[PDB]
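Below: the structure, in structure tokens.
What follows draws every value from the coordinates through simple rules; no lab data is involved. With ideal geometry, Cβ positions are generated from the backbone for all residues, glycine too; neighbour counts draw on all protein chains shown.
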Amino acid sequence: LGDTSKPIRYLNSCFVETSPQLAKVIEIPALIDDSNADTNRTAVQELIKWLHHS
């Protein structure tokens, strides 16, 4: 229930944003839109591609 226009931040073991390949935790700003209860398929596609050998 947030804003579906923010980028995706990648976090390593530390608290500094780094390269996507050397990342540990994915931070999705929002999934369900706060305007007309929409859904964003970009985030799930990125999650699917990242949850692999990357």
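If you take all other residues with their beta carbon under 15 Å from the beta carbon of residue 7, and give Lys and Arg +1 and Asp and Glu -1, the sum is -2. How far, in degrees from 0 to 90, does helix 41-50 lean away from the longest principal axis of the Cα atoms of the chain, to the nearest 10? The answer is roughly 20 degrees.
The stretch between residue 50 and residue 32 holds 4.5 nm of extra length on full extension. This uses 0.36 nm per residue minus the Cα-Cα distance. Over the chain, Cα pairs under 8 Å with separation of 6+ residues give a relative contact order of 34 percent. In terms of its Cα atoms, the chain spans 36, 23, 12 Å along the principal axes, sorted from long to short.
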